[PDB]
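Asks: Pasting in a structure now, in structure tokens, and then I'll have a few things to ask.
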Amino acid sequence: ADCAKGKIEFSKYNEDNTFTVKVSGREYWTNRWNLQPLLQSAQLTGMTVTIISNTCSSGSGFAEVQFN
Amino acid sequence: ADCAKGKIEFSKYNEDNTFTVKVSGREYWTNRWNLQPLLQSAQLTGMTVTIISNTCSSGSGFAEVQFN
Amino acid sequence: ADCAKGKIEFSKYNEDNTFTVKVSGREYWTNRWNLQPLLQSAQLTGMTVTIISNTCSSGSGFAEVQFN
Amino acid sequence: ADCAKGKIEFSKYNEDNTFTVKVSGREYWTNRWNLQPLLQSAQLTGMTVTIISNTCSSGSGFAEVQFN
Amino acid sequence: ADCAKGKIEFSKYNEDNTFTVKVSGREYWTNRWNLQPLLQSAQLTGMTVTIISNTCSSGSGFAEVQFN
């Protein structure tokens, strides 16, 4: 499901090595570290991100994302 | 063969860790993770990318690409 | 705890392979090598980073950081 | 020897995992992993690269380059 | 000690996989591959770097550097 869509408001590198992004007022994390640099680039330029997951409630994990 | 040539319309990081880019209305994916940041930069800056593969039908895999 | 928040004043790659950043007049280092490229881009593009750690005194280690 | 000097006209990631760049009308490839992102950045920003090798004929391999 | 401080005049990827930079008219090389991309970004954007080592004569090796 399309959990959120918009610019990345902020991102955070976590001590457990996961990465968190806030999109549309909701926070999502991922343990896909390949995504770390891709997500940060998306944030600096303001690309529109679309967090895709099975659980869309804030604080959920995701491993699929589209960049527009 | 030269399957497609143009700007990257959108890119998508998949759950199986492959990366998908849409060029000239067709989608192609690759499992060469070195390409992810290169392909995103190309998308960001607006470079013309050329998807090279043996099978050119949308949904096909690729591991060779030219940046202009 | 939120140890420091502001722009990265300078960064330093150390001989032991840890990385140091100076934020808000205080220095912090980290041994997470994924953080190196992320911190440098944060520095080049002027992002506001938040150093998160248990010990906030200058010279302390950290492994969590927020990019705004 | 200084085989070629100028902007990277285009680059290409090959199926065998080597990388090709076209400088001054001639093509050169390399199998040095580390060079790939460095060459792409050089291409992105338009730096003047100098391909250095023993054989300077188009289609030759190289593992030394200067970024200007 | 602070061997040199200034912009990176040029950088060079060497055949033995070490990386050379020229700062303040002196050349320095490093075998830390993590530094390669960091040094090239510093060069690309004009940061002031500070080469830190025990031997500061041109042609010396270094593995510590500050970015401003």
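We place every Cβ from the backbone using ideal geometry, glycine too, and count neighbours over all the protein chains shown. Read the figures in this text as sums done on the coordinates, not as results from a lab.
Asks: Within the stretch D:45-68, restricting attention to residues that are under 12 Å from residue E:40 (Cβ atoms) and within 9 Å of chain E (Cβ to nearest Cβ), which residue is surrounded by the fewest Cβ atoms within 10 Å (Cβ to Cβ)?
Replies: Here the residue is D:68.
Asks: All but one of (1) surrounded by fewer than 18 Cβ atoms within 10 Å (Cβ to Cβ); (2) at the interface with another protein chain (Cβ under 9 Å from one of its Cβ atoms); (3) closer than 22 Å to residue A:30 by Cβ hold for residue B:29; state the number of the condition that does not hold.
Replies: For residue B:29, the failing item is (2).
Asks: Tell me which residues, restricted to the stretch A:28-55, are closer than 18 Å to residue C:37 by Cβ and of a type in the set (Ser, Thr, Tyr).
Replies: A:30, A:41, A:45 - these are the residues of the stretch A:28-55 that are closer than 18 Å to residue C:37 by Cβ and of a type in the set (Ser, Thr, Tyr).
Asks: I'd like the full set of residues that are touching a residue at least 40 places away in the same chain (Cβ under 8 Å) and among the charged types (D, E, K, R), limited to the stretch E:6-26.
Replies: E:7
Asks: Continuing with this model, one more query. If I ask for residues that are more than 19 Å from residue A:15 (Cβ to Cβ) and either surrounded by fewer than 16 Cβ atoms within 10 Å (Cβ to Cβ) or of a type in the set (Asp, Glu) (or both), which ones from the stretch C:3-23 would you list?
Replies: Those that are more than 19 Å from residue A:15 (Cβ to Cβ) and either surrounded by fewer than 16 Cβ atoms within 10 Å (Cβ to Cβ) or of a type in the set (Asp, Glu) (or both): C:6, C:7, C:9, C:14, C:15, C:16.
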